[PDB]
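# Structural features, examined
Listed below, chain by chain, are the residues.
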Amino acid sequence: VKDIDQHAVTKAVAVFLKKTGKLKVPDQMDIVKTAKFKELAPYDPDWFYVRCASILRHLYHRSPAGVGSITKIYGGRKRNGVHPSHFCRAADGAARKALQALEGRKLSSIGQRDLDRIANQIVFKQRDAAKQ
Amino acid sequence: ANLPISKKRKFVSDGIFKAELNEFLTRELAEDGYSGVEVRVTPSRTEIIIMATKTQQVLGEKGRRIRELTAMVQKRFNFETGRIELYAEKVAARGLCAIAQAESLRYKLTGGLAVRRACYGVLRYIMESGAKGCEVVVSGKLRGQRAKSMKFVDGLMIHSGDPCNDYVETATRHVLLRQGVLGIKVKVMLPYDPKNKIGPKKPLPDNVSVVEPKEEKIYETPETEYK
Amino acid sequence: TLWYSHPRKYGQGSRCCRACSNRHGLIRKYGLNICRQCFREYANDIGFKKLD
Amino acid sequence: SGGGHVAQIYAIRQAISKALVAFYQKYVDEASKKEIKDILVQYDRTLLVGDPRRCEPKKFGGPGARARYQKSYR
Amino acid sequence: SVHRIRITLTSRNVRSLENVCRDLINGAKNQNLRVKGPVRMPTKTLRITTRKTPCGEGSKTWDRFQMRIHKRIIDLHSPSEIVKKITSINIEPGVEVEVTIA
RNA sequence: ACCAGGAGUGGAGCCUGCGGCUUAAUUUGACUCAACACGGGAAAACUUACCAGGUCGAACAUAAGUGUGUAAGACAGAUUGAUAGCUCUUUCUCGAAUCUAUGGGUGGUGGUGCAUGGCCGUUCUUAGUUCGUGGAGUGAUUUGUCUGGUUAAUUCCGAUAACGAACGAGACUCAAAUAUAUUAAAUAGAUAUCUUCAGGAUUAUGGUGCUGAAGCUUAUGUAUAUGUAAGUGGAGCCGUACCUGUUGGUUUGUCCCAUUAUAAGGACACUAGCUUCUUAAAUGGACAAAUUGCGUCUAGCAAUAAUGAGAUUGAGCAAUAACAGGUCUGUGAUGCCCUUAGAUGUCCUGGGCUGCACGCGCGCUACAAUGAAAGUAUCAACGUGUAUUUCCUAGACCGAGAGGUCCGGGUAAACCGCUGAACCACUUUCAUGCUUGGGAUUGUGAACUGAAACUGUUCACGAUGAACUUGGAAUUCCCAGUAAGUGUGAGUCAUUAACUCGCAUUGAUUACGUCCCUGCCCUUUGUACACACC
């Protein structure tokens, strides 16, 4: 949403589908190196679904969130094999099926004013959280 | 025929068609003093405007050599029999255009290094054709095995600036001789402003031509009638 | 039929030099196939004035 | 758009500054246009000067714009 | 019923592009072909760069080659029997007209 | 060229380049500036020139079978690398170009760049050359082409010893800053409102509110959601406008029409979206009496004046004379030399051009806390993309990956693409410890591209963690969006950048000089210097 910056605004929403039982956890959430650049696994799954905040401005300004236009341009800041650093494509995997985690085409049926506005109602409460 | 080809591949497809054409336009029509070809495109046909000097030998007996043009490139480029039209025109002031003069000096060398008989006469002919500046240059093996150059010059040759890319007209020529080869290269300089100058560019390189200050009758006494 | 190998529709051989038939110095891909040293001769009049 | 994570934000300095003048040049008042310049122009950090300093093209024989690489056993 | 015929114009000389708006649009808005003005296209500049010396032995210089292609667009709202005379006249060297029928 | 530095390499591993080594050949051209990630020279075959095996044949007058088959093709077993009836044991055959020893032309990546054409390179980042007409000399040759002042300048005053000269320099051509003031959009859109994508109660609340609202579960039907009651629970519920957001047309707006629907025709705002904007096609554009105790009255810096403009500012361009520079291997550019059924030519199968005790150069990631990780935020631009060739890829889908499937877009301001590039910004894990810095190194499988992958075609995983801790003497590069850091595109490209050209981003330090240094320019002077101090 076009409120205050989405550092923590991503961080809260990651808890809430994790709160609401709509985790829809990939069975290899402790396996994948989330792209062809990482030496180690991620810390956890808490990025893997969280880019709904990114698509809420990308359905707004870029495109209906096709996965090929998704994975290419974000999350590439890489140093690959030593002669020299280059770019990547990040090869997502299971969050192709994170539409099921939400329950010409449109990518979300609840991110119009239905569940994105809940996050706005979270950040309107986060205005009251930041009121002291 | 037509293609879904790109425009940038379309535009260079004209040029590889063009830059091939003036090669063998100098293979055959060097005997008639070939100078240049314009090719335009109108709807439902294209035109080929050849310019040469011996314009009665480009046509031949009973219209054979004109069909010889049309039978060539439609066999070459496989395009429409009828959409290709070739017309040969006369080079105005063959000495002034001078690239045919570069072609004819290959027919002048067989007078036994005919410098004063023929080759220096070309530099006389370019003022007999009435140009502005001129320069020819021949290099090769003369009176001995060693390579050596001459540069007979006459006039003003700019070599620099933008108008050198417009004014001066060079045309190198090669020729086979028994020794081995004499390279022929000519640099001419042509008065593109005054004479008729139908479509050259009508230029103005560096000159400051000054209009007269046009003296006045400062007093201008009334002398006015009332008609 | 016989003694002519090399199914030439892969590799550089043999999509080679449709302006001079000279291999090892080729500009292949602009729709030109020009053998770039011959492109020095035939730069004109296929546009390609130099500017900068 | 364009620019970068430093440069594109510097153009916004020219964005706020000229808008106040033009709204004061025609709509509000001559001196209202005056009173927003004089307090600014003491040093003003060139909030209105659009320097055309853009990048300089390369040269063959180098890696970059004007530098080069040498000592082929000179 | 009524047709809209968009007619693109491509060439290399900008003066010839200044020569086609010299007389085509003026001989058409007398009969009001609805030109919608000279619609400029961004140019398609073509860069090639090559070495100079064959058998590149010495002082590895280069040589840059440029090319400029420009278009300008004339759309018309008229049926096909109107625009037939405009395809005949005026014509221009190096300029190209692209009107499709079917 | 220093200097004041900045970054560097020279140290380390690796990619290459050249050598030397070797080998069947490791094909080669190039060796100070001006050979050395060069020959666009990123090679499995092809390239390929080299090496082994092979293989092909090409002209004619003569001529001799005659057409009792002169030929040419396959099986079959030998020869093979493949069926090369190339050869052949045995077979039939379209038979004639009379398949010739004989003209001799033909090819050649075969030789000479010290026989040449061409181009290109440097001489030289320059500022330098020449000509008629005079006087200077017997003459070579000078003068013009200079004393000084100044210039980037043989650029100009000015001595003015022809000039009006001529080439060079400049002038000129190409690039964002520049009034859209004019017409310019199927780019962008500004907007405007129509909207639709609607939270706040920020608003006003009408109905409602403790009476059970809101919220919640159970049941099955419908193909799990939904319906309802119960379950359930104790304040909110619901509608509008204001505030903040999608969308579609808002093209001569609306309503007209003809039309399937645009327009005007019919009127209204009479403008119910116009051109800021990207795009030009233009002319504007420090367009300089710009004032400044006047320098030889002229080219007295001053920063001062502007307020798109204190050059918007880099490139291209390049004369005379030259070099035994480089290229015969770019070419049907070529002298000559060499060769030709037994090829150096040519196509095939291989091989190699990559091989190694070693030397040398361009260049890559380092040697780490400004850091290596995880995260988040979220800015480019130059470009490029498939109809006689496999391009750009959108979308779904599957797969640790690698990729693969299915279905599109796109011949391109329109699609990939608003290419929403990287480093950097923000919290954490690390706790300097050859560590988690650094990824060479070797196994293994999984892959891709292609007939074919083997000092490898490249690519994935989980191992393997060496050298390497800022690199000696020497030594390169460069003054503003520059240096360097940092990506990306293109070029070659069946797949292969690790290099070369362009592009943008982040953005400094230091000089604003001088002639010690290597320098370079016809001023004077010296000589015993020819091929000129090697």
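Reading the values: the criteria
- Residues numbered from 1 in each chain as written, not as in the entry; some residues may be left out.
- Chains lettered and ligands numbered in written order.
- Part of a larger assembly, values for the part shown.
- Heavy atoms only, no water.
- Helix = DSSP H or I, 4+ residues; strand = E, 2+ residues; numbered from the N terminus.
- Rg over C-alpha atoms; globule rule 2.2 N^0.38 Å.
- Contact = heavy atoms within 4.5 Å.
- Areas by Shrake-Rupley, 256 points an atom, 1.4 Å probe, with all protein chains shown as cover.
- Pairing = 2+ DSSP bridges.
- Axes fitted to C-alpha atoms, helices over the stretch in contact; angles between N-to-C directions.
- UniProt positions renumbered as here; feature names shortened; annotations may be inferred.
- Buried < 20%, exposed > 50% of the residue type's maximum accessible area, 1.4 Å probe, protein only.
- Expected span 1.5 Å × (residues − 1).
- Arc of directions from axis to C-beta.
- Buried area = accessible area lost by both parts, 1.4 Å probe.
- Polar contact = N/O pair within 3.5 Å; in protein donor to acceptor, adjacent residues only side chain to side chain.
- Nonpolar A, V, L, I, M, F, W, Y, C, P; charged D, E, K, R; others polar.
- 1 Å grid on protein atoms, 1.4 Å probe; cavity = no way out; pocket = protein on both sides within 12 Å on 5 of 7 lines; lining within 4 Å.
- Points joined across faces, edges and corners; volume = space filled by probe spheres on them.
- Parallel < 35°, antiparallel > 145°, perpendicular 65-115°, else oblique.
- Left-handed = near helix turned anticlockwise from the far one by under 90°.

Its PDB header names cryo-EM as the technique used to obtain the model and reports a resolution of 3.5 Å.

Okay, the overall build of chain C next. Across its full length, chain C holds 1 helix and 0 strands. For 52 residues, the compact-globule estimate of 2.2 N^0.38 gives 10 Å, and the C-alpha radius of gyration of chain C, at 14 Å, exceeds that figure by more than 25%. Reported as C-alpha extents along the three principal axes, the dimensions of chain C are approximately 50 × 15 × 15 Å. Taking contacts inside chain C between residues at least 6 apart in sequence as the whole, the part at least 24 apart equals 0%. Element-wise, carbon and sulfur atoms account for 53% of the exposed surface of chain C, whose accessible area totals about 4100 Å².

Residues and elements named next belong to chain B. An order of β5-β4-β7-β6 is seen for the 4 strands of this open sheet, with the pairing classed as antiparallel. A single partner strand is all that each edge strand has here, and the edge strands are β5 (147-154) and β6 (169-173). Neighbour to neighbour, the strand axes of the sheet diverge by 10° on average, direction disregarded. Here strand β4 (residues 133-141) pairs with strand β7 (residues 182-189) via 8 bridges, running antiparallel. Counterpart to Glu135 in the pairing with β7 is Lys187. In the packing of helix α5 (residues 115-128) onto the sheet, contacts are made with β4 and β5, and the angle to β5 comes to roughly 35°.

Bringing the UniProt feature "binding site: Zn(2+)" in chain C into the picture now. Residues and elements named next belong to chain C. Within this numbering scheme, the UniProt entry marks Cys17, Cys20, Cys35 and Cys38 as carrying the feature "binding site: Zn(2+)". Taken together, the annotated residues stretch across 22 residues yet fold into one region, lying no more than 10.1 Å apart by C-alpha. Take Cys17: it is sitting in the segment before α1 (36-41). Beyond its immediate chain neighbours, meaning those up to four positions away, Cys17 contacts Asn22, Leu26, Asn33 and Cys35. Assignment of secondary structure puts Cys20 in the segment before α1. We classify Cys20 as partly exposed; its relative accessible area is 41%. Filtering out sequence-adjacent residues up to four positions away, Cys20 remains in contact with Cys35 and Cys38.

This next bit is on helix α1 (residues 7-28) of chain D. All names here are of chain D. The terminal C-alpha atoms of α1, which comprises 22 residues, lie 32 Å apart, in line with the 32 Å expected from a rise of 1.5 Å per residue. Within α1, the full set of buried residues consists of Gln14, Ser17 and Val21. The buried residues of α1 occupy an angular sector of 75° when projected down its axis, which confines them to one face. Exposed and facing more than 90 degrees away from the buried side of α1 are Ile16, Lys26 and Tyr27. Residues of α1 that are buried in the fold lie against α2 (30-35).

Moving on to the environment of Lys10 of chain B. With respect to the helices, strands and loops of the structure, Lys10 of chain B is situated in helix α1 (residues 7-28). Ignoring sequence-local partners within four residues, the contact set of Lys10 of chain B consists of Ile5 of chain B together with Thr10 and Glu98 of chain E.

To continue, consider the sheet that holds strand β2 (residues 45-52) of chain B. In a beta sheet, neighbouring strands pair by backbone hydrogen bonds and run either parallel or antiparallel. Residues and elements named next belong to chain B. Read across the open sheet, the 3 strands follow the order β1-β2-β3; overall the sheet is mixed. Single-partner strands in this sheet number two, and they are β1 (34-42) and β3 (84-90). Each adjacent strand pair in this sheet contributes to an overall mean axis angle of 20°, direction not counted. Of the strand pairs in this sheet, β1 and β2 are connected by 8 bridges, and their pairing is antiparallel. Paired with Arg40 across the bridge in β2 is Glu47. Docked against the sheet, α1 engages β1 and β2, running at close to 145° with respect to β1. Contacting β2 and β3, helix α2 (residues 64-76) crosses the sheet at an angle of about 135° to β3.

Residue and element names in this part refer to chain A. Within the element layout of this structure, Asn120 appears in helix α4 (residues 116-129). Overall, the relative accessible area of 15% leaves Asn120 in the buried class. If we skip the residues at most four places from it in the chain, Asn120 touches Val1 and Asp3.

Attention now goes to the environment of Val153 of chain B. Residues and elements named next belong to chain B. Mapped onto the elements, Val153 comes out in strand β5. Judged by its relative accessible area of 53%, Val153 is exposed. Residues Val153 and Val136, 17 residues apart in the sequence, show an inter-C-alpha distance of 6.4 Å. In this structure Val153 touches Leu123, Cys134 and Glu135, once residues within four positions along its chain are discounted.

For an interface, size is often stated in terms of accessible area lost upon the parts coming together. Chain B puts 9 residues into the contact, and the matching count from chain C is 8 residues. Of the roughly 720 Å² buried between chain B and chain C, counting both surfaces, carbon and sulfur atoms make up 65%. When the area that chain B buries against chain C is broken down by residue, the three leading residues are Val12, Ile16 and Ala19 of chain B, summing to 54%. Between chain B and chain C we count 1 residue pair in polar contact in total. Class assignment for the residues of the side of chain B that touches chain C results in 3 nonpolar, 2 polar and 4 charged.

Residue and element names in this part refer to chain B. Its boundaries defined by the atoms lining it, the largest cavity holds a volume of some 80 Å³. Elements represented by at least two residues in the lining of the largest cavity include exactly α4 (99-104), α5, β4 and β7. Per-element tally for the lining of the largest cavity: the top contributor is β7, with 3 residues. A per-class count over the lining of the largest cavity returns 10 nonpolar, 1 polar and no charged.

Residues and elements named next belong to chain A. With their axes 11 Å apart at the nearest point, helix α1 (residues 8-19) and α4 run at an angle of 120° to one another. Classed by the angle they form, the pair α1 and α4 counts as oblique. Like other packed secondary-structure pairs, α1 and α4 cross with a definite hand, here right-handed. The residues of α4 that touch α1, namely those facing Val9, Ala12, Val13 and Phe16, are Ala119, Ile122, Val123 and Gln126. Tallied by class, residues from the contact of α1 with α4 come to 7 nonpolar, 1 polar and no charged.

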